[PDB]
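Enquirer: So here's run.pdb, just PDB, N, CA and C atoms and all ligand atoms:
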ATOM      1  N   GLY M 363      96.694  98.611  97.806  1.00  0.00           N
ATOM      2  CA  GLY M 363      96.913  97.150  98.002  1.00  0.00           C
ATOM      3  C   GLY M 363      98.410  96.878  98.209  1.00  0.00           C
ATOM      4  N   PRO M 364      98.722  95.755  98.823  1.00  0.00           N
ATOM      5  CA  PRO M 364     100.143  95.405  99.069  1.00  0.00           C
ATOM      6  C   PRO M 364     100.830  94.994  97.756  1.00  0.00           C
ATOM      7  N   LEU M 365     102.048  94.485  97.821  1.00  0.00           N
ATOM      8  CA  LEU M 365     102.768  94.066  96.573  1.00  0.00           C
ATOM      9  C   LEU M 365     102.794  95.214  95.546  1.00  0.00           C
ATOM     10  N   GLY M 366     103.858  95.992  95.511  1.00  0.00           N
ATOM     11  CA  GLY M 366     103.930  97.119  94.533  1.00  0.00           C
ATOM     12  C   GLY M 366     103.278  98.370  95.140  1.00  0.00           C
ATOM     13  N   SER M 367     103.510  98.641  96.409  1.00  0.00           N
ATOM     14  CA  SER M 367     102.896  99.848  97.041  1.00  0.00           C
ATOM     15  C   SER M 367     103.843 100.439  98.098  1.00  0.00           C
ATOM     16  N   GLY M 368     104.441 101.583  97.828  1.00  0.00           N
ATOM     17  CA  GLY M 368     105.370 102.195  98.825  1.00  0.00           C
ATOM     18  C   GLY M 368     106.594 102.772  98.099  1.00  0.00           C
ATOM     19  N   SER M 369     106.500 103.983  97.588  1.00  0.00           N
ATOM     20  CA  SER M 369     107.665 104.587  96.874  1.00  0.00           C
ATOM     21  C   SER M 369     107.759 106.088  97.188  1.00  0.00           C
ATOM     22  N   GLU M 370     107.678 106.466  98.449  1.00  0.00           N
ATOM     23  CA  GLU M 370     107.764 107.915  98.800  1.00  0.00           C
ATOM     24  C   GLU M 370     108.848 108.138  99.866  1.00  0.00           C
ATOM     25  N   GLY M 371     110.108 107.984  99.510  1.00  0.00           N
ATOM     26  CA  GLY M 371     111.198 108.189 100.507  1.00  0.00           C
ATOM     27  C   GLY M 371     112.366 108.938  99.849  1.00  0.00           C
ATOM     28  N   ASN M 372     112.084 109.929  99.025  1.00  0.00           N
ATOM     29  CA  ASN M 372     113.189 110.687  98.362  1.00  0.00           C
ATOM     30  C   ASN M 372     112.769 112.147  98.119  1.00  0.00           C
ATOM     31  N   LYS M 373     111.804 112.382  97.253  1.00  0.00           N
ATOM     32  CA  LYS M 373     111.363 113.784  96.987  1.00  0.00           C
ATOM     33  C   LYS M 373     109.831 113.856  96.918  1.00  0.00           C
ATOM     34  N   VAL M 374     109.151 113.559  98.006  1.00  0.00           N
ATOM     35  CA  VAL M 374     107.659 113.617  98.001  1.00  0.00           C
ATOM     36  C   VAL M 374     107.151 114.104  99.370  1.00  0.00           C
ATOM     37  N   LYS M 375     105.928 114.587  99.442  1.00  0.00           N
ATOM     38  CA  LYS M 375     105.389 115.066 100.763  1.00  0.00           C
ATOM     39  C   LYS M 375     104.710 113.898 101.497  1.00  0.00           C
ATOM     40  N   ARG M 376     105.447 113.189 102.330  1.00  0.00           N
ATOM     41  CA  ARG M 376     104.834 112.035 103.067  1.00  0.00           C
ATOM     42  C   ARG M 376     103.673 112.517 103.937  1.00  0.00           C
ATOM     43  N   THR M 377     102.729 111.650 104.221  1.00  0.00           N
ATOM     44  CA  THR M 377     101.579 112.063 105.080  1.00  0.00           C
ATOM     45  C   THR M 377     102.020 111.998 106.548  1.00  0.00           C
ATOM     46  N   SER M 378     101.653 112.963 107.365  1.00  0.00           N
ATOM     47  CA  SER M 378     102.085 112.918 108.815  1.00  0.00           C
ATOM     48  C   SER M 378     101.697 111.560 109.422  1.00  0.00           C
ATOM     49  N   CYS M 379     102.417 111.084 110.411  1.00  0.00           N
ATOM     50  CA  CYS M 379     102.061 109.748 111.017  1.00  0.00           C
ATOM     51  C   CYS M 379     100.823 109.869 111.929  1.00  0.00           C
ATOM     52  N   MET M 380     100.111 108.778 112.158  1.00  0.00           N
ATOM     53  CA  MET M 380      98.901 108.843 113.069  1.00  0.00           C
ATOM     54  C   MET M 380      99.304 109.359 114.468  1.00  0.00           C
ATOM     55  N   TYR M 381     100.546 109.172 114.878  1.00  0.00           N
ATOM     56  CA  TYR M 381     100.968 109.681 116.224  1.00  0.00           C
ATOM     57  C   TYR M 381     101.499 111.126 116.125  1.00  0.00           C
ATOM     58  N   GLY M 382     101.889 111.591 114.947  1.00  0.00           N
ATOM     59  CA  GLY M 382     102.390 112.991 114.824  1.00  0.00           C
ATOM     60  C   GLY M 382     103.688 113.156 115.625  1.00  0.00           C
ATOM     61  N   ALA M 383     103.592 113.546 116.876  1.00  0.00           N
ATOM     62  CA  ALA M 383     104.828 113.723 117.700  1.00  0.00           C
ATOM     63  C   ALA M 383     105.027 112.572 118.710  1.00  0.00           C
ATOM     64  N   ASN M 384     104.117 111.617 118.808  1.00  0.00           N
ATOM     65  CA  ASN M 384     104.314 110.514 119.800  1.00  0.00           C
ATOM     66  C   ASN M 384     104.528 109.146 119.117  1.00  0.00           C
ATOM     67  N   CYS M 385     104.917 109.099 117.847  1.00  0.00           N
ATOM     68  CA  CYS M 385     105.120 107.756 117.170  1.00  0.00           C
ATOM     69  C   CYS M 385     106.015 106.844 118.038  1.00  0.00           C
ATOM     70  N   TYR M 386     105.694 105.571 118.123  1.00  0.00           N
ATOM     71  CA  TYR M 386     106.528 104.645 118.959  1.00  0.00           C
ATOM     72  C   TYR M 386     107.217 103.556 118.103  1.00  0.00           C
ATOM     73  N   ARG M 387     106.571 103.048 117.069  1.00  0.00           N
ATOM     74  CA  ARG M 387     107.234 101.994 116.225  1.00  0.00           C
ATOM     75  C   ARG M 387     108.290 102.648 115.319  1.00  0.00           C
ATOM     76  N   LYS M 388     109.234 101.887 114.805  1.00  0.00           N
ATOM     77  CA  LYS M 388     110.276 102.495 113.921  1.00  0.00           C
ATOM     78  C   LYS M 388     110.848 101.455 112.941  1.00  0.00           C
ATOM     79  N   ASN M 389     110.454 101.513 111.686  1.00  0.00           N
ATOM     80  CA  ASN M 389     110.979 100.534 110.689  1.00  0.00           C
ATOM     81  C   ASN M 389     111.738 101.278 109.581  1.00  0.00           C
ATOM     82  N   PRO M 390     112.495 100.547 108.794  1.00  0.00           N
ATOM     83  CA  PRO M 390     113.249 101.183 107.686  1.00  0.00           C
ATOM     84  C   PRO M 390     112.284 101.617 106.557  1.00  0.00           C
ATOM     85  N   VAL M 391     111.140 100.971 106.418  1.00  0.00           N
ATOM     86  CA  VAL M 391     110.157 101.357 105.345  1.00  0.00           C
ATOM     87  C   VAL M 391     109.028 102.265 105.900  1.00  0.00           C
ATOM     88  N   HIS M 392     108.777 102.262 107.199  1.00  0.00           N
ATOM     89  CA  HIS M 392     107.666 103.121 107.763  1.00  0.00           C
ATOM     90  C   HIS M 392     108.009 104.609 107.584  1.00  0.00           C
ATOM     91  N   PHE M 393     109.260 104.987 107.750  1.00  0.00           N
ATOM     92  CA  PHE M 393     109.636 106.432 107.547  1.00  0.00           C
ATOM     93  C   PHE M 393     109.271 106.867 106.115  1.00  0.00           C
ATOM     94  N   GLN M 394     109.227 105.942 105.169  1.00  0.00           N
ATOM     95  CA  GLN M 394     108.872 106.343 103.760  1.00  0.00           C
ATOM     96  C   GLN M 394     107.348 106.486 103.598  1.00  0.00           C
ATOM     97  N   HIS M 395     106.556 105.747 104.351  1.00  0.00           N
ATOM     98  CA  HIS M 395     105.063 105.855 104.184  1.00  0.00           C
ATOM     99  C   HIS M 395     104.477 106.979 105.054  1.00  0.00           C
ATOM    100  N   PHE M 396     105.005 107.205 106.238  1.00  0.00           N
ATOM    101  CA  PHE M 396     104.440 108.283 107.111  1.00  0.00           C
ATOM    102  C   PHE M 396     105.521 109.309 107.468  1.00  0.00           C
ATOM    103  N   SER M 397     105.196 110.585 107.435  1.00  0.00           N
ATOM    104  CA  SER M 397     106.214 111.621 107.783  1.00  0.00           C
ATOM    105  C   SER M 397     106.181 111.904 109.288  1.00  0.00           C
ATOM    106  N   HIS M 398     107.155 112.625 109.785  1.00  0.00           N
ATOM    107  CA  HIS M 398     107.197 112.922 111.242  1.00  0.00           C
ATOM    108  C   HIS M 398     107.740 114.329 111.472  1.00  0.00           C
ATOM    109  N   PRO M 399     107.429 114.906 112.615  1.00  0.00           N
ATOM    110  CA  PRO M 399     107.939 116.264 112.921  1.00  0.00           C
ATOM    111  C   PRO M 399     109.474 116.213 112.931  1.00  0.00           C
ATOM    112  N   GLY M 400     110.136 117.201 112.374  1.00  0.00           N
ATOM    113  CA  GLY M 400     111.627 117.148 112.312  1.00  0.00           C
ATOM    114  C   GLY M 400     112.088 116.729 110.894  1.00  0.00           C
ATOM    115  N   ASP M 401     111.176 116.447 109.968  1.00  0.00           N
ATOM    116  CA  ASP M 401     111.596 116.067 108.592  1.00  0.00           C
ATOM    117  C   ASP M 401     111.177 117.182 107.630  1.00  0.00           C
ATOM    118  N   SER M 402     111.896 117.386 106.549  1.00  0.00           N
ATOM    119  CA  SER M 402     111.496 118.490 105.607  1.00  0.00           C
ATOM    120  C   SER M 402     110.085 118.254 105.036  1.00  0.00           C
ATOM    121  N   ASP M 403     109.591 117.024 104.997  1.00  0.00           N
ATOM    122  CA  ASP M 403     108.222 116.798 104.413  1.00  0.00           C
ATOM    123  C   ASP M 403     107.124 116.673 105.489  1.00  0.00           C
ATOM    124  N   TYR M 404     107.422 116.858 106.770  1.00  0.00           N
ATOM    125  CA  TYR M 404     106.330 116.739 107.807  1.00  0.00           C
ATOM    126  C   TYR M 404     105.178 117.684 107.445  1.00  0.00           C
ATOM    127  N   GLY M 405     103.952 117.262 107.643  1.00  0.00           N
ATOM    128  CA  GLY M 405     102.799 118.151 107.287  1.00  0.00           C
ATOM    129  C   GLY M 405     101.543 117.737 108.056  1.00  0.00           C
ATOM    130  N   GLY M 406     101.676 117.375 109.311  1.00  0.00           N
ATOM    131  CA  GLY M 406     100.479 116.977 110.096  1.00  0.00           C
ATOM    132  C   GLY M 406     100.007 118.174 110.911  1.00  0.00           C
ATOM    133  N   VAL M 407     100.877 118.735 111.729  1.00  0.00           N
ATOM    134  CA  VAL M 407     100.508 119.922 112.552  1.00  0.00           C
ATOM    135  C   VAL M 407      99.119 119.749 113.200  1.00  0.00           C
ATOM    136  N   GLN M 408      98.982 118.818 114.120  1.00  0.00           N
ATOM    137  CA  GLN M 408      97.651 118.602 114.768  1.00  0.00           C
ATOM    138  C   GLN M 408      97.665 119.181 116.193  1.00  0.00           C
ATOM    139  N   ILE M 409      97.944 120.467 116.341  1.00  0.00           N
ATOM    140  CA  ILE M 409      97.969 121.094 117.704  1.00  0.00           C
ATOM    141  C   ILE M 409      98.847 120.270 118.668  1.00  0.00           C
ATOM    142  N   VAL M 410     100.154 120.352 118.535  1.00  0.00           N
ATOM    143  CA  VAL M 410     101.051 119.582 119.450  1.00  0.00           C
ATOM    144  C   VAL M 410     101.953 120.559 120.221  1.00  0.00           C
ATOM    145  N   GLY M 411     101.404 121.297 121.163  1.00  0.00           N
ATOM    146  CA  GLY M 411     102.235 122.269 121.930  1.00  0.00           C
ATOM    147  C   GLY M 411     101.654 123.674 121.767  1.00  0.00           C
ATOM    148  N   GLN M 412     101.249 124.034 120.566  1.00  0.00           N
ATOM    149  CA  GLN M 412     100.678 125.393 120.327  1.00  0.00           C
ATOM    150  C   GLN M 412     101.638 126.484 120.826  1.00  0.00           C
ATOM    151  N   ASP M 413     102.688 126.765 120.082  1.00  0.00           N
ATOM    152  CA  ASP M 413     103.669 127.818 120.509  1.00  0.00           C
ATOM    153  C   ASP M 413     104.130 127.612 121.967  1.00  0.00           C
ATOM    154  N   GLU M 414     104.179 126.381 122.448  1.00  0.00           N
ATOM    155  CA  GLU M 414     104.632 126.127 123.857  1.00  0.00           C
ATOM    156  C   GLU M 414     103.912 127.047 124.860  1.00  0.00           C
ATOM    157  N   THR M 415     102.626 127.274 124.690  1.00  0.00           N
ATOM    158  CA  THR M 415     101.893 128.154 125.647  1.00  0.00           C
ATOM    159  C   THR M 415     100.802 127.350 126.369  1.00  0.00           C
ATOM    160  N   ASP M 416     101.184 126.398 127.196  1.00  0.00           N
ATOM    161  CA  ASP M 416     100.165 125.585 127.927  1.00  0.00           C
ATOM    162  C   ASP M 416     100.265 125.845 129.438  1.00  0.00           C
ATOM    163  N   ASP M 417     100.373 127.095 129.847  1.00  0.00           N
ATOM    164  CA  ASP M 417     100.473 127.399 131.307  1.00  0.00           C
ATOM    165  C   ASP M 417      99.275 128.239 131.755  1.00  0.00           C
TER     166      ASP M 417
HETATM  167 ZN    ZN G 501     105.448 106.953 112.410  1.00  0.00          ZN
END
Represent the structure contained in this file as structure tokens.
Ligand SMILES: [Zn+2]
Expert:
Amino acid sequence: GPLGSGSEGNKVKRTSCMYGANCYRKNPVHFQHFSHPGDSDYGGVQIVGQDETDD
């Protein structure tokens, strides 16, 4: 529920964002609720490139 919900922006494993590598919105509090590739807590790994072998 809202009001008193959102405290994971320091030492926690954030959940990967619904876009994973294509996120488009960007807020100061969204980075704390969803993780992204390139962060020490990213953990989505939903087949985005696969060892760069798409030829
Ligand atoms: Zn995001």
Enquirer: Can you tell me, as a PyMOL selection string, what residues are no more than 8 Å from region 409-412 of chain M when counting all atoms listed in the file, ignoring any on the same chain fewer than 3 positions away?
Expert: chain M and resi 382-383+406+415-416
Enquirer: Using N, CA and C atoms, can you write the selected residues to a file as a compact mmCIF listing (two decimals), in the coordinates of the input?
Expert:
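Result went into result-v3.txt, see below:
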# COMPACT_ATOMS: atom_id res chain seq x y z
N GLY M 382 101.89 111.59 114.95
CA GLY M 382 102.39 112.99 114.82
C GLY M 382 103.69 113.16 115.62
N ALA M 383 103.59 113.55 116.88
CA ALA M 383 104.83 113.72 117.70
C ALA M 383 105.03 112.57 118.71
N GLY M 406 101.68 117.38 109.31
CA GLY M 406 100.48 116.98 110.10
C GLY M 406 100.01 118.17 110.91
N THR M 415 102.63 127.27 124.69
CA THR M 415 101.89 128.15 125.65
C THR M 415 100.80 127.35 126.37
N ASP M 416 101.18 126.40 127.20
CA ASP M 416 100.16 125.58 127.93
C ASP M 416 100.26 125.84 129.44
Enquirer: Find the residues near ligand ZN 501 (chain G). Use a cut-off of 7 Å, count only C-alpha atoms and all ligand atoms, and write them as a compact mmCIF listing (two decimals) with N, CA and C atoms, in the coordinates of the input.
Expert:
# COMPACT_ATOMS: atom_id res chain seq x y z
N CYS M 379 102.42 111.08 110.41
CA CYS M 379 102.06 109.75 111.02
C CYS M 379 100.82 109.87 111.93
N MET M 380 100.11 108.78 112.16
CA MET M 380 98.90 108.84 113.07
C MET M 380 99.30 109.36 114.47
N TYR M 381 100.55 109.17 114.88
CA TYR M 381 100.97 109.68 116.22
C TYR M 381 101.50 111.13 116.12
N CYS M 385 104.92 109.10 117.85
CA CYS M 385 105.12 107.76 117.17
C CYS M 385 106.02 106.84 118.04
N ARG M 387 106.57 103.05 117.07
CA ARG M 387 107.23 101.99 116.22
C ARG M 387 108.29 102.65 115.32
N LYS M 388 109.23 101.89 114.80
CA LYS M 388 110.28 102.50 113.92
C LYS M 388 110.85 101.46 112.94
N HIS M 392 108.78 102.26 107.20
CA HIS M 392 107.67 103.12 107.76
C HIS M 392 108.01 104.61 107.58
N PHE M 393 109.26 104.99 107.75
CA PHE M 393 109.64 106.43 107.55
C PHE M 393 109.27 106.87 106.12
N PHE M 396 105.00 107.20 106.24
CA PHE M 396 104.44 108.28 107.11
C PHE M 396 105.52 109.31 107.47
N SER M 397 105.20 110.58 107.44
CA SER M 397 106.21 111.62 107.78
C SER M 397 106.18 111.90 109.29
N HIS M 398 107.16 112.62 109.78
CA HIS M 398 107.20 112.92 111.24
C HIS M 398 107.74 114.33 111.47
Enquirer: As an exercise, work out the distance from atom N of residue 368 (chain M) to atom N of residue 407 (chain M) in Å and give it to one decimal place.
Expert: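 The value is 22.4 Å.
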Enquirer: Between CA of residue 394 (chain M) and CA of residue 367 (chain M), what is the distance, to one decimal in Å?
Expert: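 CA of residue 367 (chain M) lies at a distance of 11.1 Å from CA of residue 394 (chain M).
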Enquirer: If you run DSSP on this backbone, which residues of chain M come out as strand (DSSP E or B), and could you give them as an MDAnalysis selection string?
Expert: chainID M and resid 377:378 396:397
Enquirer: Using N, CA and C atoms, can you export the residues from the last selection as a CSV table (one decimal), in the coordinates of the input?
Expert:
chain,number,residue,atom,x,y,z
M,377,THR,N,102.7,111.6,104.2
M,377,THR,CA,101.6,112.1,105.1
M,377,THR,C,102.0,112.0,106.5
M,378,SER,N,101.7,113.0,107.4
M,378,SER,CA,102.1,112.9,108.8
M,378,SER,C,101.7,111.6,109.4
M,396,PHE,N,105.0,107.2,106.2
M,396,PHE,CA,104.4,108.3,107.1
M,396,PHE,C,105.5,109.3,107.5
M,397,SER,N,105.2,110.6,107.4
M,397,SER,CA,106.2,111.6,107.8
M,397,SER,C,106.2,111.9,109.3
Enquirer: Determine which residues of chain M receive a DSSP assignment of helix (DSSP H, G or I), computed from the backbone, and state them as a list in words.
Expert: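 Taking chain M and keeping helix (DSSP H, G or I) gives residues 392, 393, 394 and 395 of chain M.
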Enquirer: For a test of reading the model, state the distance in Å between CA of residue 377 (chain M) and CA of residue 389 (chain M), rounded to one decimal.
Expert: 15.9 Å
Enquirer: Counting all atoms listed in the file, which residue out of M:414, M:390, M:402, M:363 sits closest to residue 375 (chain M)?
Expert: M:402
Enquirer: So which one's closest to residue 404 (chain M), M:417, M:376, M:371, M:384? Using all atoms listed in the file, please.
Expert: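 The shortest atom-to-atom distance to residue 404 (chain M) comes from M:376.
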Enquirer: Give, as AutoDock Vina command-line options, the centre coordinates and the x, y and z edge lengths in Å to one decimal for an axis-aligned box around all listed atoms of region 366-385 of chain M, padded by 6 Å on each side.
Expert:
--center_x 106.0 --center_y 105.5 --center_z 107.2 --size_x 26.3 --size_y 31.1 --size_z 37.3
